[PDB]
Amino acid sequence: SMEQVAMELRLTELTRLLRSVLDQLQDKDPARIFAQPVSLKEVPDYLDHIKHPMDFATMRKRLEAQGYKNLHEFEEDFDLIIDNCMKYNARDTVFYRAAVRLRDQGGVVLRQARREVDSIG
């Protein structure tokens, strides 16, 4: 149908916008602390602590499968990255501090993307 195509074009554009948003969020992690999943070889007990792991590579895979339907779902995953880290690592750690900085710096980027997604529909 012609509607299903029109939808598919919107999803594609949302995917295009969320791709730029992801690139901007990931620039705020220059140390690449959140680039890849926490290693289960190197942190064997991780899943006893964190029930829903997340990282930028895993968000990228979902993004390119057009698996984000709206900005809310995308933000849930970003928030997992941050909130997982702040629980698993203690306050006086390079890792916790990196998440606080990503949260603060990403907020600005997420603030504008919400307006762009409301604006462009």
# chains A, B, ... in the order shown; residues from 1 in each chain; ligands from 1
>>> residues_around(residues="residue A:54", least_positions_apart="4", cutoff="12 Å", atoms="only C-alpha atoms", output="MDAnalysis selection string")
chainID A and resid 33:39 46:47 50 58:62 74:85
>>> residues_around(residues="stretch 108-113 of chain A", least_positions_apart="5", cutoff="8 Å", atoms="only C-alpha atoms", output="PDB file with N, CA and C atoms, in the first residue's frame")
ATOM      1  N   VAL A  21      21.746  12.041  16.162  1.00  0.00           N
ATOM      2  CA  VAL A  21      21.644  12.156  17.619  1.00  0.00           C
ATOM      3  C   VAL A  21      22.607  11.178  18.292  1.00  0.00           C
ATOM      4  N   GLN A  24      26.222  12.425  17.963  1.00  0.00           N
ATOM      5  CA  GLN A  24      26.450  13.529  18.889  1.00  0.00           C
ATOM      6  C   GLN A  24      26.579  13.078  20.361  1.00  0.00           C
ATOM      7  N   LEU A  25      25.813  12.068  20.740  1.00  0.00           N
ATOM      8  CA  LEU A  25      25.881  11.549  22.142  1.00  0.00           C
ATOM      9  C   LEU A  25      27.189  10.811  22.388  1.00  0.00           C
TER      10      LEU A  25
END
>>> select_by_dssp(residues="stretch 40-113 of chain A", states="helix (DSSP H, G or I)", output="number ranges by chain")
A: 46-49, 56-64, 71-88, 94-113
>>> closest_residue(among="A:32, A:69, A:101, A:87", to="residue A:18", atoms="only C-alpha atoms")
A:69
>>> residues_around(residues="stretch 8-13 of chain A", least_positions_apart="4", cutoff="10 Å", atoms="only C-alpha atoms", output="list in words")
residues 2, 3, 4, 17, 18, 19, 64, 66, 67, 68, 69, 70, 120 and 121 of chain A
>>> atom_distance(atom1="atom CA of residue A:65", atom2="atom CA of residue A:52")
19.5 Å
>>> closest_residue(among="A:15, A:71, A:22, A:117", to="residue A:55", atoms="only C-alpha atoms")
A:22
>>> atom_distance(atom1="atom CA of residue A:98", atom2="atom CA of residue A:29")
7.4 Å
>>> closest_residue(among="A:91, A:116, A:57, A:28", to="residue A:103", atoms="only C-alpha atoms")
A:28
>>> closest_residue(among="A:104, A:88, A:5, A:73", to="residue A:53", atoms="only C-alpha atoms")
A:88
